[PDB]
Every structure is written in C-alpha cells, then in structure tokens.
Amino acid sequence: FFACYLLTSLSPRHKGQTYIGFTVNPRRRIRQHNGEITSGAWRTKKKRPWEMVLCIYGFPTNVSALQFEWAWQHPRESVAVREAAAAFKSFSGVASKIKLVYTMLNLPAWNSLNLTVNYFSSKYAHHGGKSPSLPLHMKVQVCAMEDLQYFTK
Ligand SMILES: [Ca+2]
Numbered sequence: 027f028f029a030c031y032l033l034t035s036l037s038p039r040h041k042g043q044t045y046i047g048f049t050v051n052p053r054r055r056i057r058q059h060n061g062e063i064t065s066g067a068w069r070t071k072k073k074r075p076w077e078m079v080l081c082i083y084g085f086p087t088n089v090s091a092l093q094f095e096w097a098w099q100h101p102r103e104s105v106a107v108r109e110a111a112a113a114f115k116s117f118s119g120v121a122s123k124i125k126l127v128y129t130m131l132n133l134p135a136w137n138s139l140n141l142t143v144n145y146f147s148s149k150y151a152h153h154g155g156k157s158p159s160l161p162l163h164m165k166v167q168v169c170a171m172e173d174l175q176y177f178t179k
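Note that the UniProt record's numbering has the sequence shown beginning at 27, numbered continuously upward.
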C-alpha cells in the first residue's frame, strides 16, 4: 500500500493551511501529525488539529508514489506538472491542492496508473466535482479512516 495524502489544518492560527506527504499507513500518519503518537510530526505538531482530506493510493511502488508526492509538493519544478501549473490562479488551500492533484492524475506521467482517490469525509468530496474529470479507470470513493485501514494491510 503506497499513498500520497493531503491534510488541512483546523488550528485557528493556521486555518486552511495544507500538508502533502507520502505514507504506507494513513491511520498511523494522521495520529502522528495530531500528536496521538509522539513521532513523525516535527513542525506539523504545532498546527493541530489536522484533518486528512484524502489520500491517493494504488501506486505500484514506493518510488512511484514518491515521484507523485514530490511533483504535487513542487508543481513548478516538476517537468510533468509545470505547464499545467503555469495556468493555475492559486496553489493555496484544499480547493487548490485538490484541483492540482486531479490535474496531475490526468497527466501522462500518472494517467495510466490504477489509482484510487479516497476521501475520508464527504465534507471534502465536492472539490473533486469542481476539478478536471479523472481518467475513467480510476476510482473515487468516500471511505472513513477506520474502514480503509484494513485495506492497507
Ligand atoms: Ca520512508
């Protein structure tokens, strides 16, 4: 199981700030960012509580997921993403990070992969409706953390 994920902060001092990362265990990872586990969350610990908005999984290797993570975090450096990124009005906030990742899922670098977009709450799924449609073999679902965890094993 190799995933990239998106958080958003519910801290009033950082409200709406996002975090993008790579993980093999989303439940462990959100617990780390929120301090329920005391590892893995230097700096992000200060912006609690975080919500995990979504993750994308199905990458065939850790390396394939890490290539996607790096481009999502650095769309202006990525060869694959930069032309699409040159047309974006904003890179800030959940709405922009989701529009960007749906754009990425349509690029040749990733659009042949058998990927799933997992929203952890219906709260965020409408952003996908305002983003470019995904390649038709990809899956979009709303699945809470407690249910997806069994599929990560
Ligand atoms: Ca690692």
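Using N, Cα and C, we set each Cβ at its ideal position, and we do this for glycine too.
What are the boundary residues of the beta strand (DSSP E) that includes residue i?
i	result
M78	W76 to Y83
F48	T44 to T49
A121	From DSSP, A121 is part of no beta strand (DSSP E) but of the alpha helix (DSSP H) over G119 to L131.
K165	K165 to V168
Over what stretch of residues does the alpha helix (DSSP H) that includes residue i continue unbroken?
i	result
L139	Counting along the chain, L139 falls outside any alpha helix (DSSP H), and DSSP gives it neither H nor E.
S90	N88 to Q99
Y31	Segment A29 to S35 is the beta strand (DSSP E) holding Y31; no alpha helix (DSSP H) there.
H152	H152 to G155
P52	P52 to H59
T178	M171 to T178
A110	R108 to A111
Inspect the beta-carbon positions of residue i and residue j and report whether they are closer than 8 Å.
i	j	result
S148	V168	yes
residue 182	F114	Because residue 182 is not part of the residues shown, which for the chain are 27 to 179, the question remains open.
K73	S35	yes
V79	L32	yes
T142	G47	no
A111	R102	yes
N60	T178	no
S157	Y128	yes
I124	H163	no
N140	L174	no
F117	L131	no
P75	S37	yes
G42	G119	yes
Which whole-angstrom value describes the C-beta separation of residue i and residue j, a residue pair presumed to lie in contact below a C-beta threshold of 8 Å?
i	j	result
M171	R53	5 Å
Three or more C-beta pairs closer than 8 Å, one from the segment 54-64 and one from the segment 85-95: is that the case here? With a cut-off of 8 Å, the segment 85-95 and the segment 54-64 do not count as touching, because too few Cβ pairs lie within range.
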